[PDB]
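As structure tokens, the structure follows; a few thoughts come after it.
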Amino acid sequence: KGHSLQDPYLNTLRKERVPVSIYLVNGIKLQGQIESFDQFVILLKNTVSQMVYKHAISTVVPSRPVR
Amino acid sequence: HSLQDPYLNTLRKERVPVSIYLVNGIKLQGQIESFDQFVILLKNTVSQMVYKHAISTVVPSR
Amino acid sequence: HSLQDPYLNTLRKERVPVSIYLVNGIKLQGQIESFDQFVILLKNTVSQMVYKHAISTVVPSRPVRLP
Amino acid sequence: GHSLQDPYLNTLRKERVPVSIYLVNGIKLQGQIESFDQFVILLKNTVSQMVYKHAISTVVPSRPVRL
Amino acid sequence: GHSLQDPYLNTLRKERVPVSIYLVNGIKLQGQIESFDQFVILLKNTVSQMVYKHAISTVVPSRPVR
Amino acid sequence: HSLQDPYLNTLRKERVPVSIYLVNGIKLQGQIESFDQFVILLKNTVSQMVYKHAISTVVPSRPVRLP
Amino acid sequence: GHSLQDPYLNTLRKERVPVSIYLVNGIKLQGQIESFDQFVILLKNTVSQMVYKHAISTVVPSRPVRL
Amino acid sequence: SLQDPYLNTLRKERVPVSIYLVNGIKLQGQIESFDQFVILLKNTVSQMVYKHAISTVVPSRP
Amino acid sequence: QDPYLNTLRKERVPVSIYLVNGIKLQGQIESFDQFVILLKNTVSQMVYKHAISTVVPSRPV
Amino acid sequence: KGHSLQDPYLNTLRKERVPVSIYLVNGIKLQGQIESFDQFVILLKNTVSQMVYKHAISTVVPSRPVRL
Amino acid sequence: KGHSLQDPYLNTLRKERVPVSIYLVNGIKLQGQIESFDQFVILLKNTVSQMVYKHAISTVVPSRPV
Amino acid sequence: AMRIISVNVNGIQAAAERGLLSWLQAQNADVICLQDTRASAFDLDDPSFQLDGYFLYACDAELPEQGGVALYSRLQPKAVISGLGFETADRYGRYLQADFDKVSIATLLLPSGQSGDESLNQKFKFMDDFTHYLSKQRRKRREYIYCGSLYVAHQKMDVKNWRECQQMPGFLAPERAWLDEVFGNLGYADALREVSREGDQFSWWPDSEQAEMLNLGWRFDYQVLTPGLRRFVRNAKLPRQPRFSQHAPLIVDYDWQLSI
Amino acid sequence: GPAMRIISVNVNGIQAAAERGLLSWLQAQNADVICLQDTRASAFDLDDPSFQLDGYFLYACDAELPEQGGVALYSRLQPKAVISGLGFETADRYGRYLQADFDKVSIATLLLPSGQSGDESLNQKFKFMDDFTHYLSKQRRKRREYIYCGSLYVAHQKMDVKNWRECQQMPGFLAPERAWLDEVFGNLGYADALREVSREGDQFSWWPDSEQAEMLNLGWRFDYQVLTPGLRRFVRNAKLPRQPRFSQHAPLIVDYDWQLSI
RNA sequence: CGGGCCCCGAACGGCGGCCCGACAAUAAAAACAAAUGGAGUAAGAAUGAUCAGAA
């Protein structure tokens with residue numbers, strides 16, 4: 001119901017290891033590939049392991065249009 | 001709700017370029033692909049998913 | 001509930017031009033066409049859906065009396 | 001409880017990895033995570049300051065760590 | 001819920017430790033906490049205002065408390 | 001000397017929302033806060049200092065009557 | 001000095017001749033001169049937009065008027 | 001300045017001159033009168049132009 | 001004219017200047033004069049007064 | 001005019017009657033040689049004279065190296 | 001007086017001979033070195049000894065800090 | 001009106017099988033500057049390549065598969081000239097120029113420089129020789145429109161993910177510096193970037209379907225025109241033609257009309 | 001009256017300093033904050049009550065190798081916050097930067113590599129100074145006024161060292177580092193307390209191991225109280241006691257009129 | 001006829017004397033295809049240990 005769309009889309013983006021450029025609500029630009037996530041926290045992998053909260057993310061901009 | 005669903009569906013059935021403004025004041029204009037209780041995809045250079053709770057205003061081109 | 005619904009119904013029926021303020025401080029203008037339990041559609045030349053999560057204060061340009 | 005969030009915080013606590021908490025505004029918070037509970041996280045440093053979960057934006061450990 | 005928030009706030013109230021609350025907007029607040037609930041919080045300063053927890057970011061006491 | 005200063009002083013006193021267009025043609029908006037022999041301050045969300053040598057015309061959104 | 005533009009513009013204003021001021025950007029400005037002074041001319045458009053001399057380039061009257 | 005000799009010579013000889021404006025649009029017509037601030041072309045419409053937006057005045061004939 | 005730019009410079013407000021050509025310049029005000037405004041952004045990108053159209057500070061003063 | 005570095009340059013361009021290439025702000029180029037100049041005008045002799053204005057000149061590129 | 005700040009900056013650029021890139025109001029970039037300057041003229045030495053009028057100079061960008 | 005088409009066909013034959021001839025015939029234009037004919041002038045003499053209502057002009061390289069350039073005009077040009085004096089130019093006919101009243105256009109085709117190191121050396125050689133020739137083409141009265149694929153991008157706005165292409169040929173520092181010197185210092189301009197300062201516009205992307213999907217384009221075509229014609233730019237467009245040519249057609253119109 | 005004192009001595013190994021009894025002179029001299037530089041030991045060694053100054057809060061951060069470096073500080077009162085690292089590997093991996101955020105001042109300890117051991121040390125020094133000028137140019141616009149109290153291993157002017165002839169090639173007067181220092185000071189508006197209050201020569205902090213050099217006073221001034229211009233006005237006086245050298249550097253003591261408070 | 005020169009008033013005007021208006025001479029240029037669009041275009045700093053702004 002509440003995760004009928006974002007869950008499979010993010011799972012496909014994760015499986016395809018497409019380079020993502022995530023934007024925070026504050027406007028900062030982070031990069032890397034999402035390695036795991038559940039329902040309230042998204043785990044991003046890169047040079048330094050980063051944990052980003054969902055309630056603070058504005059947009060998730062991948063480098064390739066996923067289907 | 002009762003008002004958001006039908007209007008947001010018509011905003012795509014008619015191919016209305018939707019412009020959303022971020023709380024920071026940033027503007028993005030693109031065609032909505034699909035929407036949910038918390039996510040709405042805006043067609044741009046790439047499939048830029050946008051969080052519903054982060055959108056401030058929805059000004060369609062028409 | 002007891003205060004939001006009568007206020008919104010009066011603002012709608014009376015067509016009072018309101019000046020919806022945003023959480024960022026921007027002062028918008030336009031007429032309200034219809035409201036919802038979570039979002040309001042304010043029309044200025046063209047309809048413009050405004051999210052309640054991004055509204056700071058709604059100041060009607062004209063005094064209004066509750067029912 | 002959570003699938004990875006609470007395990008992630010428990011793993012960060014077990015090894016007291018120096019973690020830098022970033023606020024949604026933009027300011028940073030240095031100090032190790034002393035304890036944690038739904039809606040609150042305790043930080044260990046010069047003073048036993050408590051940060052709010054709803055305010056945290058990104059949690060970056062100083063060293064790459066896995067659950 | 002609030003397994004850690006409630007004990008911490010109750011201890012700060014009992015020991016009346018002067019705490020400085022920094023809001024997300026950046027403005028600076030000062031004054032000890034007289035009482036509190038699951039949402040708002042009563043202050044000790046001359047004005048004794050009601051701060052909102054959803055707008056609070058950090059609570060740093062003047063002295064570390066157990 | 002005889003026309004510009006009174007016109008701008010009236011626009012300022014009445015706080016008429018004016019629309020200024022640059023020499024290049026870019027359309028600007030905002031109220032006239034203070035006038036100057038070489039510049040003007042146009043407050044529109046963020047106060048922007050526009051130079052007189054770059055002003056093509058001054059379009060008042062409302063008809064104005066000279067004194 | 002400045003002995004030629006003054007009578008020309010005064011005659012154009014007296015007879016209320018429709019002038020087409022072509023700005024340096026290639027924009028038409030059809031209207032009647034309501035008045036004129038230093039660094040300023042006053043059009044008789046529906047809004048009577050105030051123009052600046054430095055921006056003005058040409059002043060062609062639709063109907064040829066006598067000096 | 002040499003501007004006034006040139007202009008009054010073109011006026012006396014009534015040579016058809018082509019004036020280029022700062023934008024680049026090519027004007028054509030004789031020069032009726034001129035001062036330090038403006039020029040009064042003798043064109044079919046006698047379009048008046050100020051001196052602060054002139055590029056080059058050239059006669060079509062030597 | 002002078003007081004506004006002096007305050008912009010002293011207070012170290014992030015300024016963004018749109019030139020007459022439309023170029024959106026970014027930088028901080030280092031020093032200004034009658035016909036020059038030194039913009040400090042990595043390099044001392046000097047900017048002339050006659051070519052400036054708008055001065056957009058990031059926050060009011 | 002206080003220092004007047006433009007004056008020696010224009011004087012050496014005129015005395016030697018060197019082929020100049022005065023560029024304008026609009027983008028067009030005017031070939032010829034400087035016949036004379038004042039404060040707001042320069043005379044280019046290319047068959048006919050050209051009353052090119054000073055404030056409209058972008059760059060002056062002499063096609064002939066002028067020693068000075 | 002008029003160039004209390006422009007004159008010293010241009011003189012330093014000249015003495016140090018820093019390669020500058022002058023952007024015209026028309027948008028045409030002009031790389032080169034500042035040979036000399038005055039009230040309303042700047043001589044740019046390059047493949048062609050160029051003279052750029054100040055009134056048509058939008059910005060100058062030295063390649064190295066000064 | 002005043003239209004100009006640029007289609008580096010990379011083989012006029014493949015262009016013909018792809019339908020380029022019919023598209024150009026339908027595409028009403030004033031001048032068409034296709035590059036890399038990959039065939040001799042006698043092959044271009046085949047009436048199949050002759051567009052109805054347009055003239056035929058072509059100069060072939062010493063070796064057909066090496067390159068070759070052709071030029072089609074709606075009206076008889078005043079004169080057509082080929083070569084520039086350089087071996088890298090004359091020995092391969094990489095330059096062909098037509099002459100019209102007041103304005104004379106030319107067709108330029110720089111070596112790709114991406115095949116091997118020797119190609120990059122030849123590219124640098126031709127670049128220095130061409131900037132020298134253009135220095136000799138400064139005070140020249142006649143205005144020019146050097147319509148050619150330069151195989152080099154001017155700014156990051158002309159190519160995405162520049163971070164990865166910085167070391168790859170086509171975006172290397174010396175080529176970009178040479179192009180910037182040719183454009184700015186020498187007063188030359190570009191019609192597209194002047195009329196439309198919009199990114200994401202490219203012409204040459206890999207034939208690979210993946211690159212086409214993600215649009216990995218490198219802007220290699222440029223309407224290098226003397227500053228005289230800079231003022232007469234109407235609009236530029238880069239149609240996303242369905243794999244008709246590696247270098248997407250570059251169509252630009254101009255306010256200044258032509259005359260014999 | 002309102003007065004605060006800061007002391008900085010590059011012990012270059014807390015073991016040697018404790019051997020000679022630096023703790024006695026430290027607890028004896030009244031001071032508000034202490035910035036012991038180059039610990040060359042583990043943080044637990046500083047945590048030991050023998051090294052810990054009674055009545056002063058302590059925080060120590062070292063490099064991956066204890067002997068490589070590390071810096072510690074002793075604050076008289078509980079600071080509001082304490083931060084370490086700068087994001088650059090040269091400083092984070094080697095603990096060459098530690099800051100105890102207080103009010104406004106936020107005492108910060110800085111340690112630039114000597115660059116005299118080998119070419120790799122000089123390369124590290126160059127990288128560090130470049131990253132530091134970048135960060136400071138990005139930081140000058142900040143409201144909070146900092147006080148980067150640290151030994152830079154660089155002499156700014158001839159007043160800081162005599163016989164500069166043979167010193168042209170010796171580290172401490174090299175051209176790039178001197179230019180970087182002059183830049184960060186003048187072009188950015190930073191000043192130093194010592195040079196501002198006293199333009200007196202002969203006073204030095206760094207001395208060679210040769211006893212003849214110490215007898216002749218062939219010393220260097222490698223320490224600078226790089227402070228934001230905000231605090232340059234409230235500088236009162238400074239002193240450099242010529243007590244028998246505890247390490248290479250001497251205890252840099254400075255007094256200010258501003259009174260700190262939690 | 002109109003440009004360059006000196007002469008003279010009170011950075012600012014202008015008048016007389018004149019000369020020239022085809023350079024008493026480039027040790028040389030791998031090459032001179034020929035000497036008004038117009039009512040107005042402005043997408044996101046890999047994160048100040050913490051910004052109250054007035055007649």
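Every chain in the structure tokens has a letter given in the order shown (A, B, ...), and although residue numbers restart at 1 in each chain, ligands are simply numbered from 1 in the order shown.
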Original post:
If you run DSSP on the backbone, which residues of chain F are helix (DSSP H, G or I), as an MDAnalysis selection string?
Top reply: chainID F and resid 4:14 52:54
Subject >> Per-residue DSSP, chain C, filtered to strand (DSSP E), as a list in words >> reply: residues 18, 19, 20, 21, 22, 31, 32, 33, 34, 35, 39, 40, 41, 42, 43, 44, 46, 47, 48, 49, 50, 51, 55, 56, 57, 58, 59 and 60 of chain C
Would you put the residues from that selection into a file with C-alpha atoms, as a compact mmCIF listing (two decimals), in the first residue's frame?
```
# COMPACT_ATOMS: atom_id res chain seq x y z
CA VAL C 18 -5.81 35.14 1.03
CA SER C 19 -2.03 35.60 1.20
CA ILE C 20 -0.65 32.15 1.98
CA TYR C 21 2.82 32.32 3.53
CA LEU C 22 5.37 29.56 2.97
CA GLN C 31 -7.82 32.67 -4.71
CA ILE C 32 -8.75 29.34 -3.14
CA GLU C 33 -10.82 27.03 -5.34
CA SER C 34 -11.14 24.02 -3.02
CA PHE C 35 -9.43 22.63 0.09
CA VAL C 39 -3.74 19.88 0.73
CA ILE C 40 -5.33 23.06 -0.61
CA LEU C 41 -5.69 24.09 -4.27
CA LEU C 42 -5.10 27.84 -4.62
CA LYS C 43 -5.74 29.33 -8.07
CA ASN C 44 -3.81 32.38 -9.31
CA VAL C 46 -4.06 28.89 -13.09
CA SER C 47 -4.69 26.32 -10.37
CA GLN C 48 -1.71 25.75 -8.07
CA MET C 49 -1.86 22.97 -5.49
CA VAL C 50 -0.25 24.09 -2.22
CA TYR C 51 0.75 21.55 0.42
CA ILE C 55 2.29 26.61 4.74
CA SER C 56 3.41 28.73 7.71
CA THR C 57 0.52 31.19 8.13
CA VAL C 58 -2.61 31.99 6.11
CA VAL C 59 -3.57 35.66 6.44
CA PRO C 60 -6.85 36.69 4.75
```
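When chain G is laid over chain D and all C-alpha atoms are paired one by one, the RMSD comes to 1.1 Å.
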**OP:** Mind checking which residues fall within 8 Å of range 13-25 of chain H, counting only C-alpha atoms (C1' of nucleotides), ignoring those fewer than 6 positions away in the same chain, and posting them as a PyMOL selection string?
**Re:** (chain G and resi 24-26) or (chain H and resi 31+53-61) or (chain J and resi 25-26+56) or (chain L and resi 231) or (chain N and resi 36)
**OP:** Just the residues within 8 Å of range 29-34 of chain N, please, counting only C-alpha atoms (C1' of nucleotides), with nothing from its chain fewer than 5 positions along; format it as a PyMOL selection string.
**Re:** chain L and resi 79+99+139-141
With C-alpha atoms retained, write the just-selected residues as a compact mmCIF listing (two decimals), in the first residue's frame.
```txt
# COMPACT_ATOMS: atom_id res chain seq x y z
CA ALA L 79 34.08 30.41 -56.91
CA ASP L 99 32.57 31.97 -52.52
CA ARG L 139 42.02 41.62 -41.56
CA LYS L 140 40.42 39.88 -44.56
CA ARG L 141 37.29 41.79 -45.56
```
**OP:** With a distance cut-off of 10 Å and only C-alpha atoms (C1' of nucleotides), select the neighbouring residues of residue 26 in chain A, excluding the residue or stretch itself and same-chain residues fewer than 6 positions from it, and output the selection as a list in words.
**Re:** residues 56, 57 and 58 of chain A; 22, 23 and 24 of chain B; 23, 24, 25, 26 and 57 of chain D; 44 and 47 of chain N
Keeping N, CA, C and O atoms (P, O5', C5', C4', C3', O3' and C1' of nucleotides) for every residue in the selection just given, could you write it to a file as a PDB file, in the first residue's frame?
```
ATOM      1  N   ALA A  56      14.764  13.446   5.584  1.00  0.00           N
ATOM      2  CA  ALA A  56      15.566  14.609   5.232  1.00  0.00           C
ATOM      3  C   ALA A  56      15.961  14.638   3.762  1.00  0.00           C
ATOM      4  O   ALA A  56      16.554  15.625   3.314  1.00  0.00           O
ATOM      5  N   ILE A  57      15.650  13.593   3.001  1.00  0.00           N
ATOM      6  CA  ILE A  57      16.010  13.539   1.589  1.00  0.00           C
ATOM      7  C   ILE A  57      14.945  14.251   0.770  1.00  0.00           C
ATOM      8  O   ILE A  57      13.743  14.129   1.040  1.00  0.00           O
ATOM      9  N   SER A  58      15.385  15.003  -0.238  1.00  0.00           N
ATOM     10  CA  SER A  58      14.488  15.697  -1.153  1.00  0.00           C
ATOM     11  C   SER A  58      14.309  14.947  -2.467  1.00  0.00           C
ATOM     12  O   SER A  58      13.178  14.698  -2.891  1.00  0.00           O
TER      13      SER A  58
ATOM     14  N   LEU B  22      10.891  23.355  -4.339  1.00  0.00           N
ATOM     15  CA  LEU B  22      11.413  22.811  -3.097  1.00  0.00           C
ATOM     16  C   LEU B  22      11.345  23.860  -1.989  1.00  0.00           C
ATOM     17  O   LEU B  22      11.327  25.069  -2.240  1.00  0.00           O
ATOM     18  N   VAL B  23      11.300  23.378  -0.745  1.00  0.00           N
ATOM     19  CA  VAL B  23      11.235  24.283   0.400  1.00  0.00           C
ATOM     20  C   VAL B  23      12.375  25.290   0.359  1.00  0.00           C
ATOM     21  O   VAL B  23      12.208  26.448   0.761  1.00  0.00           O
ATOM     22  N   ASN B  24      13.547  24.874  -0.125  1.00  0.00           N
ATOM     23  CA  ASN B  24      14.677  25.782  -0.263  1.00  0.00           C
ATOM     24  C   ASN B  24      14.451  26.843  -1.333  1.00  0.00           C
ATOM     25  O   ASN B  24      15.249  27.782  -1.427  1.00  0.00           O
TER      26      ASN B  24
ATOM     27  N   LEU D  23      23.275  17.895  11.213  1.00  0.00           N
ATOM     28  CA  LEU D  23      21.927  18.410  11.382  1.00  0.00           C
ATOM     29  C   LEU D  23      21.330  18.781  10.028  1.00  0.00           C
ATOM     30  O   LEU D  23      22.041  19.106   9.074  1.00  0.00           O
ATOM     31  N   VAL D  24      19.998  18.722   9.953  1.00  0.00           N
ATOM     32  CA  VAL D  24      19.307  19.073   8.715  1.00  0.00           C
ATOM     33  C   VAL D  24      19.697  20.478   8.274  1.00  0.00           C
ATOM     34  O   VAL D  24      19.854  20.753   7.078  1.00  0.00           O
ATOM     35  N   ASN D  25      19.856  21.391   9.235  1.00  0.00           N
ATOM     36  CA  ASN D  25      20.296  22.744   8.911  1.00  0.00           C
ATOM     37  C   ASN D  25      21.646  22.722   8.202  1.00  0.00           C
ATOM     38  O   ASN D  25      21.804  23.301   7.122  1.00  0.00           O
ATOM     39  N   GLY D  26      22.632  22.056   8.798  1.00  0.00           N
ATOM     40  CA  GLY D  26      23.946  21.958   8.196  1.00  0.00           C
ATOM     41  C   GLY D  26      25.069  21.808   9.202  1.00  0.00           C
ATOM     42  O   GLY D  26      26.173  21.385   8.846  1.00  0.00           O
ATOM     43  N   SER D  57      20.039  14.390  10.191  1.00  0.00           N
ATOM     44  CA  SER D  57      19.927  14.232   8.746  1.00  0.00           C
ATOM     45  C   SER D  57      20.762  13.069   8.223  1.00  0.00           C
ATOM     46  O   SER D  57      20.248  12.216   7.493  1.00  0.00           O
TER      47      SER D  57
ATOM     48  P     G N  44      19.393  25.755  -9.528  1.00  0.00           P
ATOM     49  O5'   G N  44      20.198  26.120  -8.201  1.00  0.00           O
ATOM     50  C5'   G N  44      21.364  25.398  -7.811  1.00  0.00           C
ATOM     51  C4'   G N  44      21.104  24.535  -6.601  1.00  0.00           C
ATOM     52  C3'   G N  44      22.324  23.799  -6.049  1.00  0.00           C
ATOM     53  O3'   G N  44      22.228  23.697  -4.628  1.00  0.00           O
ATOM     54  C1'   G N  44      20.681  22.228  -6.675  1.00  0.00           C
ATOM     55  P     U N  47      30.411  20.666   2.004  1.00  0.00           P
ATOM     56  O5'   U N  47      29.361  20.800   3.194  1.00  0.00           O
ATOM     57  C5'   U N  47      28.551  21.965   3.325  1.00  0.00           C
ATOM     58  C4'   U N  47      27.716  21.928   4.580  1.00  0.00           C
ATOM     59  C3'   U N  47      28.507  21.843   5.884  1.00  0.00           C
ATOM     60  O3'   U N  47      27.856  22.599   6.905  1.00  0.00           O
ATOM     61  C1'   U N  47      27.088  19.956   5.693  1.00  0.00           C
TER      62        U N  47
END
```
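A least-squares superposition of chain C onto chain F that uses all C-alpha atoms in sequence order produces an RMSD of 0.6 Å.
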Original post:
What's the 12 Å shell around residue 10 in chain K, counting only C-alpha atoms (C1' of nucleotides), without same-chain residues fewer than 6 positions away, as an MDAnalysis selection string?
Top reply: (chainID I and resid 36 38 44 46) or (chainID K and resid 3:4 16:18 20 33:43 54 60:62 66)
Subject >> Polymer residues at most 9 Å from residue 53 in chain A, only C-alpha atoms (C1' of nucleotides), same-chain spacing of 2 or more positions, as an MDAnalysis selection string >> reply: (chainID A and resid 40:43 51 55:57) or (chainID D and resid 56:59)
How would the residues just chosen look if you wrote them out with N, CA and C atoms as a short mmCIF file (atom, residue, chain, number, x, y, z; two decimals), in the first residue's frame?
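Result file is result_36.cif:
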```cif
data_model
loop_
_atom_site.label_atom_id
_atom_site.label_comp_id
_atom_site.auth_asym_id
_atom_site.auth_seq_id
_atom_site.Cartn_x
_atom_site.Cartn_y
_atom_site.Cartn_z
N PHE A 40 12.89 3.35 7.21
CA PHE A 40 13.14 4.67 7.77
C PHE A 40 14.59 5.12 7.62
N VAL A 41 15.48 4.26 7.11
CA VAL A 41 16.89 4.59 6.96
C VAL A 41 17.38 4.02 5.64
N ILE A 42 18.21 4.80 4.94
CA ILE A 42 18.81 4.40 3.68
C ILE A 42 20.32 4.37 3.87
N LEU A 43 20.94 3.25 3.53
CA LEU A 43 22.38 3.06 3.69
C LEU A 43 23.06 3.25 2.34
N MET A 51 25.01 6.93 6.38
CA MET A 51 23.63 6.59 6.72
C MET A 51 22.80 7.87 6.65
N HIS A 55 13.50 11.05 6.01
CA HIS A 55 12.71 12.26 6.23
C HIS A 55 13.47 13.53 5.88
N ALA A 56 14.76 13.45 5.58
CA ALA A 56 15.57 14.61 5.23
C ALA A 56 15.96 14.64 3.76
N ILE A 57 15.65 13.59 3.00
CA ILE A 57 16.01 13.54 1.59
C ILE A 57 14.94 14.25 0.77
N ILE D 56 18.18 14.74 13.17
CA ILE D 56 19.37 14.22 12.51
C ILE D 56 19.08 14.01 11.04
N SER D 57 20.04 14.39 10.19
CA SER D 57 19.93 14.23 8.75
C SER D 57 20.76 13.07 8.22
N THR D 58 22.04 13.02 8.58
CA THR D 58 22.94 11.97 8.12
C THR D 58 23.86 11.56 9.27
N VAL D 59 24.10 10.26 9.39
CA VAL D 59 24.96 9.70 10.42
C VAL D 59 26.12 9.02 9.70
#
```
Subject >> 9 Å contacts from chain B to chain N using only C-alpha atoms (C1' of nucleotides), as number ranges by chain >> reply: B: 26-29
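A straight line drawn from CA of residue 66 in chain C to CA of residue 53 in chain C is 23.8 Å long.
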Counting only C-alpha atoms, which residues of chain B fall within 6 Å of chain A, and what is the closest atom pair for each with its distance in Å at one decimal, ordered by chain and rising number, as JSON lines?
```
{"residue": "B:46", "atom": "CA", "partner": "A:65", "partner_atom": "CA", "distance": 4.9}
{"residue": "B:47", "atom": "CA", "partner": "A:65", "partner_atom": "CA", "distance": 5.3}
{"residue": "B:48", "atom": "CA", "partner": "A:61", "partner_atom": "CA", "distance": 4.9}
{"residue": "B:49", "atom": "CA", "partner": "A:59", "partner_atom": "CA", "distance": 5.6}
{"residue": "B:50", "atom": "CA", "partner": "A:59", "partner_atom": "CA", "distance": 4.7}
{"residue": "B:51", "atom": "CA", "partner": "A:58", "partner_atom": "CA", "distance": 5.7}
{"residue": "B:54", "atom": "CA", "partner": "A:58", "partner_atom": "CA", "distance": 5.7}
```
Residues of chain N at most 9 Å from chain G: nearest atom pair and distance in Å, only C-alpha atoms (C1' of nucleotides), as JSON lines:
```
{"residue": "N:36", "atom": "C1'", "partner": "G:26", "partner_atom": "CA", "distance": 6.3}
{"residue": "N:37", "atom": "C1'", "partner": "G:26", "partner_atom": "CA", "distance": 7.4}
{"residue": "N:38", "atom": "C1'", "partner": "G:27", "partner_atom": "CA", "distance": 4.1}
{"residue": "N:39", "atom": "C1'", "partner": "G:28", "partner_atom": "CA", "distance": 5.9}
{"residue": "N:40", "atom": "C1'", "partner": "G:27", "partner_atom": "CA", "distance": 7.0}
```
Writing out the chosen residues with N, CA and C atoms (P, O5', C5', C4', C3', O3' and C1' of nucleotides) as a PDB file, in the first residue's frame:
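The new file selection-v2.pdb reads:
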```pdb
ATOM      1  P     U N  36      13.821  45.432 -41.487  1.00  0.00           P
ATOM      2  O5'   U N  36      14.393  45.567 -40.007  1.00  0.00           O
ATOM      3  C5'   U N  36      14.665  46.846 -39.445  1.00  0.00           C
ATOM      4  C4'   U N  36      15.050  46.748 -37.988  1.00  0.00           C
ATOM      5  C3'   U N  36      13.965  46.195 -37.068  1.00  0.00           C
ATOM      6  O3'   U N  36      14.566  45.470 -35.995  1.00  0.00           O
ATOM      7  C1'   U N  36      14.504  48.395 -36.406  1.00  0.00           C
ATOM      8  P     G N  37      15.060  43.956 -36.214  1.00  0.00           P
ATOM      9  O5'   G N  37      13.934  43.075 -35.511  1.00  0.00           O
ATOM     10  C5'   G N  37      13.756  43.102 -34.097  1.00  0.00           C
ATOM     11  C4'   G N  37      12.592  42.242 -33.669  1.00  0.00           C
ATOM     12  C3'   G N  37      12.767  40.748 -33.930  1.00  0.00           C
ATOM     13  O3'   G N  37      12.054  39.996 -32.948  1.00  0.00           O
ATOM     14  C1'   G N  37      10.940  41.552 -35.187  1.00  0.00           C
ATOM     15  P     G N  38      12.553  39.968 -31.422  1.00  0.00           P
ATOM     16  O5'   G N  38      11.700  41.117 -30.720  1.00  0.00           O
ATOM     17  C5'   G N  38      10.292  41.194 -30.895  1.00  0.00           C
ATOM     18  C4'   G N  38       9.757  42.541 -30.479  1.00  0.00           C
ATOM     19  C3'   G N  38       8.245  42.697 -30.486  1.00  0.00           C
ATOM     20  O3'   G N  38       7.605  42.132 -29.357  1.00  0.00           O
ATOM     21  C1'   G N  38       9.206  44.542 -31.577  1.00  0.00           C
ATOM     22  P     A N  39       6.038  41.786 -29.430  1.00  0.00           P
ATOM     23  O5'   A N  39       5.329  43.191 -29.184  1.00  0.00           O
ATOM     24  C5'   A N  39       4.808  43.528 -27.903  1.00  0.00           C
ATOM     25  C4'   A N  39       5.903  43.687 -26.877  1.00  0.00           C
ATOM     26  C3'   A N  39       5.544  43.195 -25.479  1.00  0.00           C
ATOM     27  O3'   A N  39       6.705  42.675 -24.830  1.00  0.00           O
ATOM     28  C1'   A N  39       5.976  45.523 -25.411  1.00  0.00           C
ATOM     29  P     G N  40       6.877  41.086 -24.653  1.00  0.00           P
ATOM     30  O5'   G N  40       8.416  40.893 -24.297  1.00  0.00           O
ATOM     31  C5'   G N  40       9.417  40.905 -25.312  1.00  0.00           C
ATOM     32  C4'   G N  40      10.753  41.318 -24.751  1.00  0.00           C
ATOM     33  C3'   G N  40      11.285  40.417 -23.643  1.00  0.00           C
ATOM     34  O3'   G N  40      12.711  40.423 -23.652  1.00  0.00           O
ATOM     35  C1'   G N  40      10.867  42.574 -22.769  1.00  0.00           C
TER      36        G N  40
END
```
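Residue nearest residue 62 in chain E within the list D:47, D:40, D:21, D:60: D:47 [criterion: smallest interatomic distance, only C-alpha atoms].
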Original post:
Do you have the CA of residue 55 in chain M-CA of residue 21 in chain M distance handy?
Top reply: 18.3 Å
